[PDB]
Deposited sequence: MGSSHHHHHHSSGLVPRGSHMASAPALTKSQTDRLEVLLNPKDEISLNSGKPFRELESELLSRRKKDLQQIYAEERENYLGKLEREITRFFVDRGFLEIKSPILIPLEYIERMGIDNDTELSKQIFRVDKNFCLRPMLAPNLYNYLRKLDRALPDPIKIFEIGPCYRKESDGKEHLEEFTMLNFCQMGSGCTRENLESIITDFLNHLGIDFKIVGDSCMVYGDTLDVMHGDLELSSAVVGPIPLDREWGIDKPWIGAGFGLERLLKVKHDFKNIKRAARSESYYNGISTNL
């Protein structure tokens, strides 16, 4: 008897990429399930005995080393930010991204992006640090999505930026290229001062990158050239580990390093 769709969904939860297992084979569900449970338990046992690191934490540490070694200051700014920051980012209540904001009190929200806080750091550090000013942050961001296969409501962004000298399109592309080649992730940069560039892996957007200046800058007290880009860590993990579903790369109680925890 062929497998049901429910049975197949269950096995797919337990399936890891390159299991090299045959589903249309003849063996009963009970046996296919038991084999996969056995392998996934062995996977968790191996992690526990050997490395013990979470993929998302580990990627964050690897990205952090990359940017610190190339002259970028590590920032840790608030996750809960004023709603006023969202309007000052030019996100009107009429816009689609405005519908995606998780509001917290009358006055606050979960940040949907790193830009507002990094803008403020750029302005502030310009009074203390020599040109060029190079900073980055990694951390949680939040957007209400009709999520599915490549959007999470709770995700993790990297944003880096440089302000002052050396803020060219060529340098932005070179940093992106060095970064992704260091992680071992395949990509192409797609796009036409004011440039928006998308870093794609096939149809999947890994990053939006910007070559400033842009008019928004003056709302944040910024009047120098700048370059920057934002990457989703879960997307990077999804590509790197060949997960079919981005939920396998998320902060989660249902997956650990892409392995089902419902065993």
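Residues of the deposited sequence that lack C-alpha coordinates fall in the stretches 1-24, 217-220.
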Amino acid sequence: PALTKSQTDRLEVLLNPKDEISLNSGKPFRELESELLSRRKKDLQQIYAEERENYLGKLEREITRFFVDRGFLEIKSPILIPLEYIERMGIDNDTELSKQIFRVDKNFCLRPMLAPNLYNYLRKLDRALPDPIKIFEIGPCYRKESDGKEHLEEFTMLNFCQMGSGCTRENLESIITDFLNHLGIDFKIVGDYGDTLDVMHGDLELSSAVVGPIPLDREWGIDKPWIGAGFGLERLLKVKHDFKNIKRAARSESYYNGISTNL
From here on, numbers count along this sequence of modelled residues.
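Across the two stretches, 63-71 and 201-209, the PDB entry reports the greater mean Cα temperature factor for 201-209. Relative to one another, 47-55 and 22-30 have unequal mean CA B-factors, and 22-30 is the one with the higher figure. Residue set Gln162, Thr177, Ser77, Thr95: peak C-alpha B-factor at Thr95 (per PDB entry). Taking the deposited Cα B-factors for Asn181, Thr156, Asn117, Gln100, the highest one is held by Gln100. Residue-level temperature factors show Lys247 in the middle third of its chain, judged at the C-alpha atom. In the deposited entry, the Cα temperature factor of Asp223 sits in the top third of values across the chain's modelled residues. For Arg111, the recorded CA B-factor ranks within the lowest third of the chain. Only modelled residues enter the ranking. Among the modelled residues of the chain, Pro82 sits in the middle third by CA temperature factor in this PDB entry. The entry lists a Cα temperature factor for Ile189 that places it in the highest third of the chain's modelled residues.
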